[PDB]
Structures are given as structure tokens and as C-alpha cells.
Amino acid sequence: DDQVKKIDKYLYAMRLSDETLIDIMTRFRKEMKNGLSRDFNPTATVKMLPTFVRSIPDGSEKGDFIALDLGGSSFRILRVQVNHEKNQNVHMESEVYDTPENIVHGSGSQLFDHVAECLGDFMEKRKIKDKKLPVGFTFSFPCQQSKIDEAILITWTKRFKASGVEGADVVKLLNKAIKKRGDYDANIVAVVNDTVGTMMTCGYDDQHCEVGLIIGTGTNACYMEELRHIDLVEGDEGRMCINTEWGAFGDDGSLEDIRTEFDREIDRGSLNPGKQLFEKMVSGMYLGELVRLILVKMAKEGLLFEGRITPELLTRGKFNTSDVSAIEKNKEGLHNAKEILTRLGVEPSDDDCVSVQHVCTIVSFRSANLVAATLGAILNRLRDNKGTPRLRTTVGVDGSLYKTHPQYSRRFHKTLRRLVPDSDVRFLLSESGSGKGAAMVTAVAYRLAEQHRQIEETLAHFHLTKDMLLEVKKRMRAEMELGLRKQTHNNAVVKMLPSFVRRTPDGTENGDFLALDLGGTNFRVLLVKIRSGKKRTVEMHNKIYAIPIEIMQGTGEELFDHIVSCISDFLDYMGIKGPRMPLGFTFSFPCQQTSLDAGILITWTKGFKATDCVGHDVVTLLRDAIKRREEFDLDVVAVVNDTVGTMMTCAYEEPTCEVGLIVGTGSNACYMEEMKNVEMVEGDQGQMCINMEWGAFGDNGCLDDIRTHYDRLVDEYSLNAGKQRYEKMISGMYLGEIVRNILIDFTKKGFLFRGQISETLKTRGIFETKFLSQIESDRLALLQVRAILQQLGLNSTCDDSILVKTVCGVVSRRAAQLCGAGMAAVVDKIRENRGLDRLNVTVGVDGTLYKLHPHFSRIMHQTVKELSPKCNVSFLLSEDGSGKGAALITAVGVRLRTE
């Protein structure tokens, strides 16, 4: 006892007590907390890296997979075949490639080229290059993953230093080194940590496995954590495997009172000074050498062999954990210690051999005790999540040390169970390695990969490029031409209708005007009072009047009686019943005109279809509904299309306002044109405002190029089948629908709502402008998004919400973009018409979709600016409605009449 006694008193600091271990444990417990909290994560040494593995295998994984295993004692490559539906469970073959020391400490390129080459040599032997086999990647180092197939190396550990790897996505680095060879293709579907990998392996045979553990070259552990506790992953649903990365633990001085002069000296010689402190006390790469240090310290101090000391004893890595194992064999325990200590030059006496074996013991035990301490924390953590007095769980393990040490396994277990009383723990040992597990994750990885591929492959058809966009503008131009040239006007889709407004306001418009605003999302009667001269003012009041669905789709007689009805009421409300006033009629519909106060409804659009209106002069329909009353009489000087009225309202300000745009229920644009070009109206003196009716753009197929299965469906089920094609790809009355139909599809395809087509989802109108704008709203939270959707009647999860958002984004974007190419063609024509090399024009705007969308206006403006660089366009948003612009046309009407 003399010998052993002294040593124990010597290496006292390396013998941890249950008291202390409990201490250590409570620490790691905090470290896990701080590694999970969004607030303290950026400082915690224990990182708790999310891994995007949502659970251990559920048996439903089949296919042929290839798995890479790098970072372990050996670089292994495997092929895993899993076929339950075919009486074949798990077969796997592997080959271990050598990777020389230079390769591991050299340039990243060497490394990943070396890997790709091996993968090439591997696939060549199995003659499988021609098989699209999903590839998993076991990369045993800490990684920043935002998705399972992305691995941003945070920092090398153990035996690896490769230049130009840290802070990079190894998934890419490899993809890269793979492409430079050319010998094959690799679909690297997922990258996993060896703990995760091992946990998945073990959990394949044990439905209770909730933790992976590695006690090999390095040491780390991964467990299953509640998403509610993972701050760094938007969600609260289910579980995900966290990769604690505990080697780092105490790297912030946290475990200084535990580290010893030996742990500090072993460090100052490590490949990554200051880091992986906890690891350098536990894992196999260190234990042996950690001994060699103590030994030397002693021998110099006369505690060994008369104090002799050979160069071999002083040499680095002359005492491997391997030797540290044999010295712990009871059968050869001391015997082995003889052969080892003999080969080290020193003269090993029988007492010595005992002394040494004891050091080993103290060391080996500490690592074992340490890991027990932390693994205990994890265990307690898992139990707390269940809220049950006891906890049962399996723990997959691996690590050359664990496997080959004769005491470690046993001691570690003993100590652990002692430290976590209220729980039964199973330690299943992985004999195949993390390979089987990798492939199991790679299965779910690739299964999800495919779903995306399809989704994107679909949404792709909504991606318009700078070129496609130019082309649209170009055509838009062409269509404008056809619409103007009376020769082709009849067969032209873009009608380029004349509004009979010849000049923007000049500031003399004076008087009182009754205005009607119909066609939008709100029918309303307006009263506008304008003053001109020294001080100019524009007072105005208005009332909204609902139009019942029946009436909107009843008959012209009724509708227009309902109008004149409201017209009358508003006259009361205003107390101006009596004198016969002039009225500006804002009718939002393609109307053929011959004068300002005459307009024949060419066709219904948007939501309206009232019978016996088309082909009529709406002014007449009106004057006729009034006559059918007689309560009052008034002079409708003008019928104005809202694009035009809008413009005028804005050109009020704003003399360079020569263009009107509307993006709301419907989409449409007007502008000033030189009479010489307006072939459909006599004259070539002065200008003229043109109501483009660009909605019809593509009603001849000139857009069938970029139109999708979804656009078509929406068009088909519309009231105006085959008409206003353009519009139906822009305005709010449609965009929602476009999306709805995509979703439906995506749903049957199995991508949403677990394949359940909500009754609701079968409802048209769901995705209104209002709602559509809330979703895309920036920096919104998944719970928020999922909320907005739950309020529609859509039982959707986060994942779901991510997709719906993504979809709405695509649809609204293409909208803003298409709209842009439109405006682009307009302004650029104007510029060329006037022969300028650069043009400064402002565009008046109105329409809810535009007002309420988070990105529409922006996405679109950027588009106009990019297509028509020679144009500099402003976008003044109208806030008062058409009323004002309408009354300004009315006045010039009453005037020109008298004058």
C-alpha cells in the first residue's frame, strides 16, 4: 500500500469525488442551457448545434446509400442497402482508405480531393458510378448547419488542420473537389456528426435510444431535444437531435479548477491550443500522452527508476492510450507494463510497474468519471423533458477507447448510474459504426430532397429573367402599336382606347362636381369642390355604398337604378339636393368613346357581369336610370376610366404626371399620347390620354410563352374565360387564386397538409389581397404565419407555412415584375416618341394590392428602372382616389362645352 498510497496523494487533483462530479454536472447543465438560448449562445463554449434529424429510424427507410466517415481513427467509405419490403434488412459493405498525416494537416484542397478520389475508387470497384446513389456524409467535427445538407466547419479538432476549410461549407468543398475530377456524380444529401450517426444506428435496433456518445479519438454526445427548447430553430413542434459538442466545455476557463499542470502542458503541445479542453482530459488521443507527462514529472522527481530518464520517455506520443490499456489488463496488467516501460529505455522494476499502472488508473478513471458527469447531465435533461420521476433510455456508443479499454466501460457505467439514481440506462455498443445510421438519415434526407426538387422545378416556371422580361416589354410595345394603328386596331388585344382628355390640369378648374367611382373594391359617390387662382383648394367628401352580389350580377336596369339610388341618397347626405350639377363618372371598364360624355361598355371585366349593359353607352344607362326616378337631374359631363382619373388626380401636383397606373382588383395603365399616333381619332394636333386596357394583353396568346398550368386553370374558372390574361397574372382579384391552385396541386402531390385537401382550400377567395400582404410581411415569425393561416381554416404546420409563404412570394414577385415590363414599355415608348435620350416622368398610382403589398411596389419599381434605364420614373401614390382627377376632367368638360 506504501507505493500506491504515495501516488494517490501525488495525483490527488486527478481524482474526482461524487461531490465534485455533481458540481461538474450542474455546470454542463448550465452550459447546455446557454448553448441553446438565443441570447447567450454566441458565448457558450458548448454549442448545442441543431442537426435537423427529427427522430431515430421509423423502419420505413429503404434504398441504396453511400456513406462517408471522416474524422474518426480511420477514413471509411460504405454502401448501405436497406430493404424491408424484400426480406432484406440491413446490408452494408465498407472499405477503409488511408489518409496520411500530411493530408490531414495540409491544405483543405488536398483533403477533399483525396476524399473525392477515394469515393471514385470506391464507386469504380462496385461499378456503380452510373447509379444515382444518395450520399451521406459523416463529418465528425462541429458544424453550422441551417439545413441537413450544409456543413459549415466551425473549427478543426483532434488530428485535423486543413488550410481553407474552417468557415466553409464542406458539402461544397467536396462537391467542388468532385467536379474537378469529372469521373462521377455525387448527390451529397446530408452531413451528420458521428454521435448523431451512432445514435441513429443504435436507435435502429432500440426504439428507446435518445443519445449518441463517442469516446474515441475525441469525445462528444448528441441527444434528442424538444424543439420548444431549441431557440436557434424556428419552431415548437416535435423534436430534433442536438449535437452538444462538449469537448469545448471549459474552454472559457470554466473548468480551470479541474484542469491540472498536466492538462495545461498537454495543451501547449496540442494542435489547437486553448480549445477542446474537456476533450483533452477525456478522449483517447490524449489519455496516453497525458500519462507520459505524469510519468516524466515523477521520474525526474525520483519517484521512478532511481530517477533515470531516456529520450524515448521525453519523446512526444511514446505512450499511447493503447499502452495505457494493456497496463490495465489484470492478467497482463503489470506484466505488460514491463514490456512497455522496458522499450522506453528506463529500467522498470516491479515496484515501478505497479506505480505506473496506478497512474494510468487514476487518469483513465478521470476521463471515465468526467464523461459520466456530463452524460448524467444530459440524462437528467432528457428526464426533465418528460416530467416523470424515472427515466428509461438507451445510449448508442462508439470510440476506439471505449471499445478496447478493459475498465473504462465498466467504471463509466457504475459512476454514471450512481449519479443519476432515478433512471435505467442501456449502453448499446455500435459494432458496425455510425454507417448504418448515416444511411438512415440519408434516407429521410433524400426523401425530402426529392420533394424540394419537384417544388422548385415547378415554381421555377414563375422565374422571369432579365431577358424574358425585356421580351415582354418588347411585345407590350408591339401590342401598343397595333392598338393605335387603325389598320390593326380591330384585331388588337390592347385596345389603346382614347379617353378624350387632351391635357393635364392647368390650374383653372373651378366649381363643384358630383363624382361617381365604380369598378374598384368600393363603389362610392363623391362631392368635390375646387378653387383656382391666388389660393388653390380642393375640398371633398364621399360615401361608400355596398353593391349587393345579386345586383352586381343582376341586370343593367337594376344596377344603374341602384346607382342613381345611391346618387340620390348622397345628395341628401350632402344637403345639395336641388340644383342640376355636373357629374364625373368613373367607370373602371374598357369603354369605346366618341366624346368625353359618351362611352360604350366594350366588355365586362373583374367581378362584374350585369346583363344588357355591354354594347351600351354607360352614360345612357345612367341618364336612363335617373329618368326612371325623377327625384333629381344632373349633367354627366364625363365618363372616365380610373387609370386616367388617377393620373389626373396626381398630375394635379406633379405636372410631369403623364402616366396613370392601377394595381388593385384589376390592373391597367393610361398615359399621354401624341394625337398623330392615335390613328383611331381624327387630328394630329396636341396630345390625348389613352386608356390602354392592358389587362387584355396576351388575350391573343402573345404570353402563352410564360403562362403556367396554374394561370390557365385560374383563367378557365374565371367569369371572363380567356380574357384579361395579363391582368389575371397581376391583380389581387387573381393572384390569391393563382397560389391557391398551386397549393392544391402541391397538396395532392403530398407536399402540404399531409395530402389532405382542406374543404376550405377548395374555396376561392381565400387568399385575398389583404391576407396575401400579411403573409409576405417581412421579418414575420413562423408562428405568426401559421397563425394567419389557421384563421383561414388551414390546419398547417411551420414547414407548411414556410411553403405557403415561399409560394406567395413567387407569385407576387412575378406579378410585380410583369407589371414592371408593362410600365417599362410605356415610358420607353414615350421617351422615343419625344425623341429624348433620357426621360423624366412621374406615374400616379392606386389600387389596394399595390397599397398593401410588402414587396410589390418595390419589386416592380426596381424592374422598371432595370428595363428602361434611359427612363427615370417616379411613383406618386394617390391617397384621395379618382374623385379629384375625375372632377378635374369634368371641369375641363363643362368648360370646353361653353367655350
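Each residue number is its position in the shown sequence, starting from 1.
Higher mean CA B-factor, judged across 339 to 347 and 688 to 696 from the recorded values: 339 to 347. In this entry, 425 to 433 shows the higher mean Cα temperature factor of the pair 468 to 476 and 425 to 433. The maximum CA B-factor among the listed residues 245, 704, 745, 624, taken from the PDB record, is found at 624. For the set 147, 535, 461, 813, the maximum C-alpha B-factor listed in the entry falls on 535.
When all modelled residues of the chain are sorted by CA temperature factor, residue 407 is found within the highest third.
Among all modelled residues in its chain, residue 888 ranks in the middle third by Cα B-factor. In this PDB entry, residue 393 carries a Cα temperature factor that places it within the middle third of its chain's modelled residues. Compared with the other modelled residues of the chain, the Cα B-factor recorded for residue 563 ranks in the highest third. Residue 853 sits in the lowest third of its chain by CA B factor, as recorded in the PDB entry.
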